[PDB]
């Protein structure tokens, strides 16, 4: 998160910190969010050979009783995820066991309604990602308030599509999701409407988020079958 504030500790109890293993490089990291006691939503580009989820974290360098470190038993990457266009950048992770509900850990289920969210309003995103181009991932959970933009603001992303994705962050400010915030929720009036996907390497906003409303049928189909 660039240009944000430190979250109040444990104030976003659905937030998940993902450690991503690959066979041919060191660990990588993403965010995500708990939508059922045994399911985390994140970005498809966060897939790996194996993943471990930490729930209940604030400072990810300091072990505490709120932590739950949980094994992922299976990854459900969207079957149409495209590494060229980056369309359909969404994935569900099934946890080996259901998480414990505490003050610091809880779900964020979708409401019944799945209305298309138009441009104009302010929403908020949280993550442990980099705080600038030359800066390392934050030890503490950070968050920032960003403007939903008209889709023409994201035209320069030549594979951007308004039906599939949200355009997020006023270009006149530095405030943005960035590298390492991958997979985190964009909440608009307390409802998850987006998932951090991608942006510019130089961190100039806006960035591109997956539009959750488009994928609600797919999300439901995985949950009901598993």
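Numbering follows the first chain given and starts at 1.
Visitor: Do the C-alpha atoms of 153-161 or of 169-177 have the higher average B factor in the entry?
Guide: Mean C-alpha B-factor is greater for 169-177.
Visitor: Per the PDB record, is the mean Cα temperature factor higher over 127-135 or over 72-80?
Guide: 127-135 has the higher mean C-alpha B-factor.
Visitor: Comparing recorded Cα B-factors across 94, 88, 121, 98, which one is largest?
Guide: The C-alpha B-factor peaks, among 94, 88, 121, 98, at 121.
Visitor: Would you please rank residue 42 by its C-alpha temperature factor against the other modelled residues of its chain and give the third it falls in: lowest, middle or highest?
Guide: It belongs to the lowest third of the chain when residues are ordered by C-alpha B-factor.
Visitor: Per the entry's values, where does residue 11 land by CA temperature factor relative to the rest of its chain, in the lowest, middle or highest third?
Guide: Tercile = middle for this residue's CA B-factor.
Visitor: Lowest, middle or highest third of the chain for the C-alpha temperature factor of residue 59?
Guide: Within its chain, residue 59 is a middle-third residue by C-alpha B-factor, going by the deposited values.
Visitor: By the record's CA B-factor, is residue 21 among the lowest, middle or highest third of residues in the chain?
Guide: Residue 21: CA B-factor falls in the highest third of its chain.
Visitor: Going by the entry, which third of its chain does the Cα temperature factor of residue 201 land in?
Guide: Highest third of the chain for residue 201's C-alpha B-factor.
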